[PDB]
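Reading through the structure tokens given below for one structure.
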Amino acid sequence: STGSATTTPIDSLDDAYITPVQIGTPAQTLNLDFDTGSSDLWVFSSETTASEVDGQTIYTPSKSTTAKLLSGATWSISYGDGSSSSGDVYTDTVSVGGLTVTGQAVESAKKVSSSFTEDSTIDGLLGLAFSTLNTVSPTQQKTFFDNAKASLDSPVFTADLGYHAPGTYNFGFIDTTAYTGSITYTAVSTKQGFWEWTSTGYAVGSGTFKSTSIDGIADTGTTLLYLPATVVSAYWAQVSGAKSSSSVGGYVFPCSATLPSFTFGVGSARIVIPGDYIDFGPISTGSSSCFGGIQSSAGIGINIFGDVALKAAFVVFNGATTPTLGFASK
């Protein structure tokens with residue numbers, strides 16, 4: 001089997017992407033944030049504290065003839081950005097772009113933190129990291145991909161995120177029309193439960209490539225590109241007037257600037273992030289100070305190849321017995 005679904009930016013900055021997901025019988029369609037950095041499929045629901053729901057579409061398990069309470073199971077997750085959610089668990093039928101999993105754990109939120117409430121466009125998350133990170137207790141549950149894998153034509157999914165435009169998540173096949181050149185594959189460590197890999201280096205604008213190993217995670221659920229302070233300083237040094245602002249929470253730059261590109265290495269291959277992908281707009285409405293899309297990972301504890309990086313590539317998440325990651329230009 002295969003599946004193919006369009007993923008759409010939630011706003012004009014590509015702060016996140018939503019993908020429609022069918023849950024239950026009859027189908028209840030929710031727009032979920034596909035997140036290769038976590039491993040829980042959780043949704044706003046009829047059980048979510050009413051004051052914490054503000055415009056989201058909810059899953060109502062009592063209206064699904066295939067929903068079953070997973071007795072005794074609870075979940076609770078906290079994300080790198082400080083947001084969180086928790087609740088109980090149902091199993092139900094879940095379909096993405098024509099690909100159906102029966103008995104998928106659907107984690108129903110009883111509580112969500114303010115950042116979730118305040119984002120009306122995201123109805124929940126669909127985790128695509130390794131199932132070892134799933135938070136369901138006392139019996140850990142499998143991700144949608146893990147459940148689907150054996151049925152897929154090939155045990156893979158691909159992320160093709162757009163810049164200020166829709167893109168695609170495919171399951172079970174590689175669309176050879178969706179990229180240019182070849183896909184370069186690179187080793188993955190699953191030791192921390194992430195799609196963790198090592199970039200071979202970087203360049204800033206038309207500058208020379210610096211060969212250096214940068215371990216980090218391919219994370220569709222993180223907006224920005226978080227890299228070591230040395231790398232980030234080298235980038236922003238090429239933007240007149242750019243500076244790190246403790247008050248704002250990272251590098252800012254004059255909105256009048258033209259940003260240089262940023263290149264990262266995948267083996268001997270190179271992925272070029274155009275300068276415009278690195279612009280996240282005014283820090284507050286009407287400001288001429290703009291927020292940068294490349295930020296330091298110092299104090300995160302890990303480097304994160306988030307959407308800023310991934311949307312410059314066609315990315316293969318290869319869930320073979322030994323997982324690997326592939327990157328192609330597009």
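Numbering starts fresh at 1 for the residues of each chain in the structure tokens, the chains themselves are lettered A, B, ... in the order given, and ligands are numbered from 1 as they appear.
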- [ ] Would you kindly return, as a PyMOL selection string, each protein, DNA or RNA residue with an atom no farther than 7 Å from any atom of region 134-136 of chain A, considering only C-alpha atoms and excluding same-chain residues fewer than 6 positions away?
- [x] chain A and resi 39-40+73-77
- [ ] Using only C-alpha atoms, determine which residues lie at most 6 Å from region 149-165 of chain A, disregarding the query and same-chain residues fewer than 4 positions distant; provide the list as a PyMOL selection string.
- [x] chain A and resi 1-2+145+169-173+311+314-320
Got time to write the residues from that selection, C-alpha atoms, as a PDB file, in the first residue's frame?
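Heads up, here's the output in out-v6.pdb:
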ATOM      1  CA  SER A   1       0.000   0.000   0.000  1.00  0.00           C
ATOM      2  CA  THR A   2       0.888   3.670  -0.207  1.00  0.00           C
ATOM      3  CA  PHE A 145       4.339   4.804  10.406  1.00  0.00           C
ATOM      4  CA  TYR A 169       4.001  13.642   2.673  1.00  0.00           C
ATOM      5  CA  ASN A 170       4.179  10.273   0.903  1.00  0.00           C
ATOM      6  CA  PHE A 171       4.124   6.867   2.578  1.00  0.00           C
ATOM      7  CA  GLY A 172       5.459   3.706   0.990  1.00  0.00           C
ATOM      8  CA  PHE A 173       7.076   5.064  -2.175  1.00  0.00           C
ATOM      9  CA  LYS A 311      11.944  22.485   3.061  1.00  0.00           C
ATOM     10  CA  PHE A 314      13.204  16.211  -0.713  1.00  0.00           C
ATOM     11  CA  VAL A 315      13.764  14.074   2.378  1.00  0.00           C
ATOM     12  CA  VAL A 316      13.478  10.292   2.645  1.00  0.00           C
ATOM     13  CA  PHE A 317      12.856   8.757   6.051  1.00  0.00           C
ATOM     14  CA  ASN A 318      13.913   5.172   5.375  1.00  0.00           C
ATOM     15  CA  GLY A 319      12.496   2.839   8.005  1.00  0.00           C
ATOM     16  CA  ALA A 320      14.286  -0.287   6.826  1.00  0.00           C
TER      17      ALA A 320
END
Task: DSSP helix (DSSP H, G or I) selection over region 91-218 of chain A, as a PyMOL selection string - done: chain A and resi 114-117+131-133+144-151
Output file for the residues above (N, CA, C and O atoms, as a tab-separated table (two decimals), in the first residue's frame):
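Output below, filename part05.tsv:
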chain	number	residue	atom	x	y	z
A	114	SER	N	-1.01	26.52	26.70
A	114	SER	CA	-1.56	27.72	26.09
A	114	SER	C	-1.18	27.86	24.62
A	114	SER	O	-1.99	28.33	23.80
A	115	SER	N	0.04	27.49	24.26
A	115	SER	CA	0.47	27.68	22.88
A	115	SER	C	-0.36	26.83	21.94
A	115	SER	O	-0.58	27.23	20.80
A	116	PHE	N	-0.84	25.67	22.39
A	116	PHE	CA	-1.72	24.86	21.55
A	116	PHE	C	-3.09	25.50	21.43
A	116	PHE	O	-3.63	25.62	20.34
A	117	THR	N	-3.65	25.93	22.56
A	117	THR	CA	-4.95	26.58	22.56
A	117	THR	C	-4.96	27.77	21.61
A	117	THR	O	-5.91	27.98	20.86
A	131	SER	N	9.17	4.75	17.81
A	131	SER	CA	8.13	4.47	18.79
A	131	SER	C	8.67	4.37	20.22
A	131	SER	O	7.91	4.46	21.17
A	132	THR	N	9.98	4.19	20.37
A	132	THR	CA	10.60	4.21	21.69
A	132	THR	C	10.37	5.53	22.45
A	132	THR	O	10.50	5.54	23.67
A	133	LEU	N	10.04	6.62	21.75
A	133	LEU	CA	9.73	7.89	22.42
A	133	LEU	C	8.25	8.05	22.79
A	133	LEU	O	7.88	9.03	23.43
A	144	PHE	N	2.01	5.82	13.77
A	144	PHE	CA	1.29	5.52	12.55
A	144	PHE	C	2.20	4.85	11.53
A	144	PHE	O	1.81	3.86	10.89
A	145	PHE	N	3.40	5.39	11.36
A	145	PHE	CA	4.34	4.80	10.41
A	145	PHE	C	4.75	3.39	10.81
A	145	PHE	O	4.79	2.49	10.00
A	146	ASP	N	5.04	3.19	12.10
A	146	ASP	CA	5.43	1.89	12.59
A	146	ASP	C	4.31	0.87	12.34
A	146	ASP	O	4.57	-0.25	11.90
A	147	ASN	N	3.07	1.27	12.60
A	147	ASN	CA	1.93	0.38	12.36
A	147	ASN	C	1.73	0.09	10.88
A	147	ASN	O	1.38	-1.03	10.53
A	148	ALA	N	1.98	1.06	10.01
A	148	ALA	CA	1.73	0.90	8.58
A	148	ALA	C	2.84	0.16	7.85
A	148	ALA	O	2.61	-0.38	6.78
A	149	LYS	N	4.03	0.17	8.43
A	149	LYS	CA	5.27	-0.15	7.71
A	149	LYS	C	5.24	-1.47	6.96
A	149	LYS	O	5.65	-1.54	5.80
A	150	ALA	N	4.77	-2.52	7.62
A	150	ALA	CA	4.81	-3.85	7.03
A	150	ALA	C	3.91	-3.93	5.79
A	150	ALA	O	4.16	-4.73	4.90
A	151	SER	N	2.88	-3.10	5.74
A	151	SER	CA	1.92	-3.10	4.64
A	151	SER	C	2.37	-2.23	3.47
A	151	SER	O	1.88	-2.38	2.35
Open item on the list: Set the distance at 8 Å and use only C-alpha atoms: which residues neighbour residue 47 (chain A) once local chain neighbours fewer than 3 positions away are removed? I'd like the list as a PyMOL selection string.
Closed with: chain A and resi 44+60+108-110
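Counting only C-alpha atoms, the residue from A:286, A:207, A:275, A:267 that sits nearest to residue 325 (chain A) is A:267.
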- [ ] Would you mind reading off the distance between CA of residue 19 (chain A) and CA of residue 37 (chain A), one decimal, in Å?
- [x] 16.0 Å
TODO: Could you give me the residues within region 170-301 of chain A that DSSP places in strand (DSSP E or B), as a ChimeraX atom specification?
DONE: /A:170-171,184-187,189,196-204,210-218,225-227,243-245,250-254,262-266,269-273,279-282,289-292,294-296
Open item on the list: I want to know what sits within 6 Å of residue 92 (chain A), based on only C-alpha atoms, with residues of the same chain fewer than 6 positions away left out; could you give that as a list in words?
Closed with: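 My reading of the contact set: residues 24, 66, 67, 103 and 104 of chain A.
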Open item on the list: Please report the interatomic distance between CA of residue 36 (chain A) and CA of residue 321 (chain A) in Å with one decimal.
Closed with: 17.7 Å
- [ ] Find the residue from A:313, A:231, A:53, A:43 that sits nearest to residue 105 (chain A); use only C-alpha atoms when measuring.
- [x]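 Among A:313, A:231, A:53, A:43, it is A:43 that comes nearest to residue 105 (chain A).
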Extract, using only C-alpha atoms, all DNA, RNA and protein residues at most 7 Å from region 192-204 of chain A, discarding same-chain residues fewer than 2 positions from it, and format them as a compact mmCIF listing (two decimals) with N, CA and C atoms, in the first residue's frame.
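Here's the written file part27.txt:
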# COMPACT_ATOMS: atom_id res chain seq x y z
N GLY A 37 10.07 14.64 14.99
CA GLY A 37 10.77 14.73 16.26
C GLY A 37 10.02 14.23 17.49
N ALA A 129 8.75 10.12 14.71
CA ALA A 129 10.02 9.64 15.23
C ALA A 129 9.85 8.16 15.64
N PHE A 130 10.81 7.60 16.35
CA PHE A 130 10.76 6.17 16.65
C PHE A 130 9.84 5.91 17.84
N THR A 132 9.98 4.19 20.37
CA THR A 132 10.60 4.21 21.69
C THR A 132 10.37 5.53 22.45
N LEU A 133 10.04 6.62 21.75
CA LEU A 133 9.73 7.89 22.42
C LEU A 133 8.25 8.05 22.79
N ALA A 187 23.78 7.85 7.25
CA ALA A 187 23.48 7.01 8.41
C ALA A 187 22.64 7.70 9.47
N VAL A 188 21.83 6.90 10.16
CA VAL A 188 20.97 7.38 11.23
C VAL A 188 21.31 6.64 12.51
N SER A 189 21.35 7.37 13.63
CA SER A 189 21.34 6.75 14.94
C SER A 189 19.96 6.88 15.54
N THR A 190 19.41 5.76 16.02
CA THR A 190 18.11 5.77 16.66
C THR A 190 18.23 5.76 18.19
N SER A 206 28.10 32.50 -0.89
CA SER A 206 29.00 31.97 -1.90
C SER A 206 30.37 31.60 -1.31
N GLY A 207 30.43 31.54 0.01
CA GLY A 207 31.67 31.23 0.71
C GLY A 207 32.12 29.80 0.56
N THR A 208 33.35 29.54 0.99
CA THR A 208 33.91 28.21 0.91
C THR A 208 33.23 27.25 1.89
N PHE A 209 33.13 26.00 1.48
CA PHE A 209 32.52 24.99 2.32
C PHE A 209 33.47 24.59 3.45
N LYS A 210 32.94 24.59 4.67
CA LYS A 210 33.67 24.15 5.84
C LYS A 210 33.29 22.71 6.16
N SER A 211 34.26 21.80 6.06
CA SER A 211 34.04 20.41 6.39
C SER A 211 34.12 20.23 7.89
N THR A 212 33.01 19.83 8.48
CA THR A 212 32.92 19.65 9.91
C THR A 212 31.68 18.84 10.20
N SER A 213 31.79 17.90 11.13
CA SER A 213 30.67 17.03 11.47
C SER A 213 29.69 17.74 12.38
N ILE A 214 28.42 17.77 11.98
CA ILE A 214 27.36 18.37 12.78
C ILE A 214 26.27 17.34 13.00
N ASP A 215 26.22 16.77 14.20
CA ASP A 215 25.19 15.80 14.54
C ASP A 215 23.90 16.53 14.84
N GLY A 216 22.79 16.08 14.27
CA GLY A 216 21.53 16.72 14.57
C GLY A 216 20.37 15.86 14.14
N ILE A 217 19.15 16.36 14.34
CA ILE A 217 17.96 15.58 14.02
C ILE A 217 17.15 16.21 12.89
N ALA A 218 16.58 15.37 12.04
CA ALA A 218 15.65 15.83 11.02
C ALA A 218 14.28 15.91 11.67
N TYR A 235 27.25 32.65 10.07
CA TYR A 235 26.17 33.04 9.17
C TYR A 235 25.78 34.51 9.36
N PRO A 260 21.95 36.04 2.89
CA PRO A 260 22.68 35.04 2.11
C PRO A 260 22.07 33.65 2.27
N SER A 261 22.33 32.79 1.30
CA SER A 261 21.95 31.39 1.43
C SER A 261 22.80 30.70 2.50
N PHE A 262 22.36 29.50 2.86
CA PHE A 262 23.10 28.64 3.78
C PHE A 262 23.09 27.24 3.19
N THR A 263 24.27 26.66 3.04
CA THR A 263 24.41 25.32 2.49
C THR A 263 24.78 24.34 3.60
N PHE A 264 24.15 23.16 3.62
CA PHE A 264 24.59 22.09 4.51
C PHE A 264 24.97 20.85 3.72
N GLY A 265 25.93 20.11 4.25
CA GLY A 265 26.41 18.90 3.60
C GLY A 265 25.65 17.65 4.01
N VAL A 266 25.42 16.79 3.02
CA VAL A 266 24.90 15.45 3.23
C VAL A 266 25.87 14.56 2.49
N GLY A 267 26.76 13.89 3.22
CA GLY A 267 27.85 13.21 2.56
C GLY A 267 28.58 14.20 1.66
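Distances here use only C-alpha atoms; by that measure, the residue among A:125, A:6, A:62, A:71 closest to residue 30 (chain A) is A:125.
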TODO: Have a look at A:137, A:180, A:220, A:51 and name the one nearest to residue 18 (chain A); count only C-alpha atoms.
DONE: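 Looking at the shortest contact to residue 18 (chain A), the residue is A:220.
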Task: Shortest interatomic distance to residue 4 (chain A) - which of A:20, A:205, A:26, A:98, counting only C-alpha atoms - done: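 Closest residue, counting only C-alpha atoms: A:98.
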Residue contacts of residue 183 (chain A) (8 Å, only C-alpha atoms) excluding same-chain residues fewer than 2 positions away, as a PDB file with N, CA, C and O atoms, in the first residue's frame:
ATOM      1  N   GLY A 181      18.358  15.639  -9.611  1.00  0.00           N
ATOM      2  CA  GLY A 181      19.558  14.889  -9.319  1.00  0.00           C
ATOM      3  C   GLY A 181      19.279  13.584  -8.603  1.00  0.00           C
ATOM      4  O   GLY A 181      18.265  12.929  -8.850  1.00  0.00           O
ATOM      5  N   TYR A 185      21.979   9.246   0.570  1.00  0.00           N
ATOM      6  CA  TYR A 185      21.609   8.623   1.821  1.00  0.00           C
ATOM      7  C   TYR A 185      22.740   8.726   2.834  1.00  0.00           C
ATOM      8  O   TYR A 185      23.926   8.723   2.488  1.00  0.00           O
ATOM      9  N   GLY A 326      17.601  10.099   3.501  1.00  0.00           N
ATOM     10  CA  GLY A 326      18.041  10.563   2.200  1.00  0.00           C
ATOM     11  C   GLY A 326      17.661  12.012   1.954  1.00  0.00           C
ATOM     12  O   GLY A 326      16.599  12.460   2.369  1.00  0.00           O
ATOM     13  N   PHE A 327      18.543  12.743   1.288  1.00  0.00           N
ATOM     14  CA  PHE A 327      18.280  14.126   0.905  1.00  0.00           C
ATOM     15  C   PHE A 327      18.572  14.324  -0.572  1.00  0.00           C
ATOM     16  O   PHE A 327      19.642  13.930  -1.053  1.00  0.00           O
ATOM     17  N   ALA A 328      17.647  14.992  -1.264  1.00  0.00           N
ATOM     18  CA  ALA A 328      17.869  15.444  -2.638  1.00  0.00           C
ATOM     19  C   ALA A 328      17.495  16.917  -2.745  1.00  0.00           C
ATOM     20  O   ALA A 328      16.619  17.412  -2.036  1.00  0.00           O
ATOM     21  N   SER A 329      18.149  17.623  -3.663  1.00  0.00           N
ATOM     22  CA  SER A 329      17.698  18.955  -4.058  1.00  0.00           C
ATOM     23  C   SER A 329      16.399  18.829  -4.849  1.00  0.00           C
ATOM     24  O   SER A 329      16.043  17.738  -5.303  1.00  0.00           O
TER      25      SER A 329
END
Which neighbours of residue 241 (chain A) fall inside 9 Å, counting only C-alpha atoms, when residues of the same chain fewer than 6 positions from it are skipped, and could you give them as a PDB file with C-alpha atoms, in the first residue's frame?
ATOM      1  CA  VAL A 252      17.522  39.408  14.647  1.00  0.00           C
ATOM      2  CA  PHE A 253      18.404  41.390  11.541  1.00  0.00           C
ATOM      3  CA  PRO A 254      17.290  44.550   9.741  1.00  0.00           C
ATOM      4  CA  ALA A 257      18.639  43.125   4.533  1.00  0.00           C
TER       5      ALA A 257
END
